[PDB]
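Notes to accompany the following structure.
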Amino acid sequence: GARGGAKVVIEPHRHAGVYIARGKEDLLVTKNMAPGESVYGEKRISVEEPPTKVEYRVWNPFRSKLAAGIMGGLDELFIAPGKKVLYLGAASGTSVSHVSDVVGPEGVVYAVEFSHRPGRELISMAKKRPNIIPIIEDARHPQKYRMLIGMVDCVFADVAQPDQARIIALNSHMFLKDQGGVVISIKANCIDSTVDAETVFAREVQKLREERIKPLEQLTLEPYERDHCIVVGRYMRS
Amino acid sequence: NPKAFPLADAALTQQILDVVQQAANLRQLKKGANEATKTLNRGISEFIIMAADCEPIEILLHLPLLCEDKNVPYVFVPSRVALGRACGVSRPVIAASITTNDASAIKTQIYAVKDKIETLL
Amino acid sequence: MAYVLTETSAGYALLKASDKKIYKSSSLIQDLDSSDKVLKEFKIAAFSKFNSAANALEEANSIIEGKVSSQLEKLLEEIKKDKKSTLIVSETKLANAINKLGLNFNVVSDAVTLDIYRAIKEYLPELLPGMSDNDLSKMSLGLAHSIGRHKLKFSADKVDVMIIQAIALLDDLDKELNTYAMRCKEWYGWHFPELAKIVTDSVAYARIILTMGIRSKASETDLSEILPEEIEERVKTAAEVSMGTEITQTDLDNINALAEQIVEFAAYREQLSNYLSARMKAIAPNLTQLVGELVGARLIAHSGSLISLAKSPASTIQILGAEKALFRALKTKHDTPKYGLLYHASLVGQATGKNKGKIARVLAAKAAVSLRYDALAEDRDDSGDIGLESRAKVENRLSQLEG
Amino acid sequence: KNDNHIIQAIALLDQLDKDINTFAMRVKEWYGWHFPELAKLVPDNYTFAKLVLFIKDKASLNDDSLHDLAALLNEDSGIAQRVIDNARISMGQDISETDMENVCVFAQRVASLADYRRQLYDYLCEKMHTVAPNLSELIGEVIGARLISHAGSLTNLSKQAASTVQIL
RNA sequence: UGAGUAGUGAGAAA
RNA sequence: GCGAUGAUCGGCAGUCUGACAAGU
């Protein structure tokens, strides 16, 4: 359907830094910060604009949790051009590259990872993207990389860990600004598979409230993924 | 064998091998590391079974990297000779892949194992 | 007095807080919202900058381990003159480490200090004159990579992306040295056209021009080291009965410069060949044993990386370099290829007839087994042993299949 | 009267110019990993190889070395100060001594051909003045040589009519 | 196991 | 203070198959 040279019409999305490609089929796309290559083999779209050849990257929702969040219709995203983003659980550039695309050259992305083998792949991709500062360190102890990270307008955590709530608290307390962004990708099975999904999500919201983060909206990620939801909140230190 | 991780216990291994024999009878089983590698590429694998006692174990270590990227559950069984016999072949099998089929007659049993492997991961 | 130890990718910064118990105030957020008040509240005491990346990383590791570095110790000693002072520290472990030094500082690491370390981190570019935010990120990015390599056990001798370049360098040099050789043969052919037929080697062709510049010089010059006896005498006889015309010394000088270039490319081309082979014997020793260095390089280069090739099935490795023939056959309902890029491997050459196809399948499978070892083995011994028995198995298959 | 030397010079000079570009780009890639930013700082490829030859290791940064590399090219662009600062602060992963040995030797090759290319270019200009002083003076040594090669020989060019020369 | 390396030619300016 | 030494007019394009084979 969506072959490489099929000609499509690109329009902006409601959210700044996100684009939509029309045609027989619908695609979510982000401007390529590093044109002429694909981070993970994703389809790319060529546009001739006055004539300069700008390039766009297709965002696959089945691979990126955040993109599937776009299709479900998230009302507010703190990730936008010219904003500093702390990305936790940066296994590789599958999603970080697209997050790097949205923030653009002016913005920066602090990619945090623990596992070494995904880490080196993340390093190889940050070379193509100067705005990405890869941090191969445990998110459970933010003070290890505190020298390396300045302040961030939004914090994104896709970490699939049972104690992710503690990690989001410590990182948000350290590097997130007042009224800052907090967006979480929650998997029920990793936290507690014994109980049903809705029970898992509700308790995580309770932890978020205890740590001075107010939920703004919640969205399940079906049909793309099962038993997953994204929680959007704002951090009031007051 | 530290590298083979997470490794199934005795009760789990019997349950898995019960799946592999059934899928083999129903033609829902892909045998061999290379064929298992293909199934991940097409995204048609319910889950992959590897043998922990393979020497050198690395020859199947590519599949865990493939499985984690594609979010496909995986598990190690202690014995490869057992896996080959469960597969229904005369040769030892180090890796096997269960093909996705929501219209299969053994669909329920496969998902029961898949959930347990997901818990085990 | 209250002191704040702030750590940055550039260096260590010590801040004097006017309030001895600034960390005991509940309104720190409002008292530190803007840059101007932060500058008033905190004044730099001493700033120890990292001179080099190696120093910065040794400093960074000490921070991660909670150890007080020598630079930090010297920087703290400068403030030792202030009796009965408080040192606000971001980490408890570093606070404990600084306490053990016996310095005259009541070291405090409290949750309330996090706001002080928080508000400071909003405005670091403005607090620190002389360093821009873009520059600070560059220290951040660079120090992270340098720290990253050591944690990952990155080793300079195990990067395959040398191999992808070097093989692609080698092909280009092979093309280019040919074209220049053609030009030298044509241009020098004007002064002596008979040389190309006699000596066919381009490098030997250039060396002759260097040893003898003009045909008259041929009578006395010796071409023994370049040419054997029978060849060197024929060029001499050609020189006197030649067709080429006389050339000026100005013409001679530049054609010699080419001949100097021609011989030089061959020298480096051999060097790159030896450099490449050493690279393969460290990054993929097993494949070099089985398939070889040159063919192994083209396989890795075709996929673009060692991991990418490692994840491919043996079937694709068999026909990796025959896409045009493969897809032409697939569309036209005709037989598909069976050798691919592996055709030039030694084992394929030893096979004959239809056995070539069988060995290609067997060799490709064993190549995958060896390949997955080179790519995914954390503690691989640089011996190529898995290649050795893998080679042995195919040789036995070749012997029985041929027999 | 021989003018074939000019034709060889033009057919060779462009070959070097394309070829110098080809190798020089590769030098940028190899040294680019060890510290990429100089590939951005000095866009001129011919200049880049010399600075890599002098600045092999980014760690080696001295005020006297700053003056030495400042002498290379001019400090008007300010790259001399930028490289010292930016070398101190960069993400370029150090490559092995054998890798570094290749870069300088590989860079040394790019210097030689461009050096010879300059030498050959001078010889063309000297030769054109000798053979075709009128043509070389009227338009230039490089342009006149290209016209001669297009015609196939100076005798051919004189034979052609004015309109034919214009479309040549 | 199977399986392809041909510009025109005297006007122009006033 | 004119002119024959020249006026004028990315696509094709999709990365093969998978348990038998060889001997008396």
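Each residue's number is its place along the chain shown, starting with 1.
This entry, so its header tells us, was determined using electron microscopy, 3.9 Å.
Placed from the backbone N, Cα and C atoms, the Cβ positions cover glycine too.
Swiss-Prot annotations:
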CROSSLNK  A:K65  ubiquitin cross-link
MOD_RES   A:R3  asymmetric dimethylarginine
MOD_RES   A:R3  omega-N-methylarginine
REGION    A:158-161  region 'S-adenosyl-L-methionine binding'
REGION    A:196-228  region 'Helical'
**Prompt:** On a count of neighbouring CB atoms within 10 A, which of the recorded positions A:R3, A:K65 is highest?
**Reply:** A:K65
**Three-class DSSP secondary structure - A:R3 (asymmetric dimethylarginine)** = coil
**Asked** Quick one: what's DSSP say for A:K65 (ubiquitin cross-link), helix, strand or coil?
**Response** helix
**Prompt:** What is the three-state DSSP composition of the region 'S-adenosyl-L-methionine binding' (A:158-161), stated as helix, strand and coil residue counts?
**Reply:** 0 helix, 0 strand, 4 coil
